[PDB]
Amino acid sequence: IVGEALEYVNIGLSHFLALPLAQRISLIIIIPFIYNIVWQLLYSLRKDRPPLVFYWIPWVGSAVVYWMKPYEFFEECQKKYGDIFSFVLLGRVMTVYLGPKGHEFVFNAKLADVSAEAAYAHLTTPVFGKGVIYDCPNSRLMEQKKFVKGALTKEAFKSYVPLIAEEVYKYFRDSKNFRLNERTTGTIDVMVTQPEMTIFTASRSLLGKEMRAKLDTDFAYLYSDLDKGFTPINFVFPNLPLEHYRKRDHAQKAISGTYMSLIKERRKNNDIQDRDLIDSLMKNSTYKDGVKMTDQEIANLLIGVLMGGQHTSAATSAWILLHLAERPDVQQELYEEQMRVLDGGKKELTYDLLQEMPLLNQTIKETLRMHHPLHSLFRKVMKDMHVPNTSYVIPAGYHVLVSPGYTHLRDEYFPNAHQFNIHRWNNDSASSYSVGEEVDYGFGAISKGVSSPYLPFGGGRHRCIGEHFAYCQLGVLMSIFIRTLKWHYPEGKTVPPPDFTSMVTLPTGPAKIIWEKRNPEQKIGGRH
């Protein structure tokens, strides 16, 4: 008889339900804990799964170390397991593929195999609004990218350069961080100045003078609120009934409302020209199946483009200033190139003259090598994927993670990779360039291979379309900083370590530098 054992099964179950509440809470904790450990052990036997990083707390996984020190985590895993490994992250399984083959695996993955919008829509849809970027099918995103790129032409950059320059000068004139007409030296926190200079310059050029004027008002606080809603927390908790989440949603409505008002106002007056991204999207935002973007979708798209451009660029110019603050030799070299190309400062800066400043562009290029603003990009796996030349299968429901910024910092691809050296890019100062064959996913021909160890703008269908804008903006900005100021660290201070916990990787604050006018007597005109 085994029937009597099946009775004690039922009996055991009943005694289980009658345990003292202290013992039940205890078990409510210890049972998932034990089961988690046993599951990992069994998992480690499968030869069709990449090794999985061991973790103690269920669901949470390796969340804490990935959040604080993602590259140190990757290096340690790479040492133990090689280039492919998985780890658990707040309920998700992330399969990391390091190095250029990882780039190809993920960036050039078939559209059916992986989804960016499934990975990202929570990080962005609550902030930007509905119907755009990741809150739409991939083919809509492809065309949105085509639309936005339409305002990012050489001719647009030629007209943006003096607008960006004017904002930089105005910021030197009026901001309390500078006041160059009143002060000849001062101390700044670059994580205060660079986000402000970035939003002022990006607004003026992409959004136009009206939207720029708005930032001189209490309206600016809405950008602050919307900005605070752009946080890694959204990855897990995109909506919680806290005040944080409420100021964000309000801001999105208020800011999209303001863009819609401008859009409808311009159409009303037949005042649609070729000034900015707004004019461009009004004139050119009809999908190929004949559907037009709504005014709300246009406004939402504007928010997304400005927000993304805001954080990558601000972080980058902050890093440029910080690396140059201990490199007066590089400031000196950059200054000589400015003197040569602009004829001792007699020539006004133009987009065409920016292209003749290779060391300036190499400085941007080198900063983006050492400080990729996005340490990890990922996709949700939609169909089981076989890893070439292995036995691994990444099942649907997993996420794949790629990290070009990690490869940027490997000695094998960049000798002395932790040394800042703009000259590693001599005669190679282009922001990026296709090393051969090209393809077009709907927003223009881009490189077909994504095997370059240097990939600051990613690749494949989700590739950045902002790189020439970012270089234009960063170039104007740094050209003027260099011609106007010298700067250095307070005694004993040096380049800060990256903070990886925000949406882009920023310098750990407070990152202060001391500036000095190259020409103490130089005045900036205009009224204030």
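So that there is no doubt, residue numbering starts at 1 and follows the sequence shown.
Of the two stretches examined, 362-370 and 100-108, the record assigns the greater average C-alpha temperature factor to 100-108. Here the stretch with the larger average CA B-factor, out of 404-412 and 380-388, is 380-388. Of the candidates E167, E155, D174, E243, the PDB record gives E243 the highest C-alpha temperature factor. The PDB entry assigns its highest CA temperature factor, among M260, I272, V330, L321, to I272. Among all modelled residues in this chain, the alpha-carbon of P490 has a temperature factor (C-alpha) in the middle third. Looking at the C-alpha B-factors along this chain, the one for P395 belongs to the highest third. Among the modelled residues of its chain, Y287 has a C-alpha B-factor that falls in the middle third according to the deposited record.
Placement of the Cα temperature factor of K517 within the chain: lowest third of the modelled residues, per the deposited record.
Among the modelled residues of the chain, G466 sits in the lowest third by CA temperature factor in this PDB entry.
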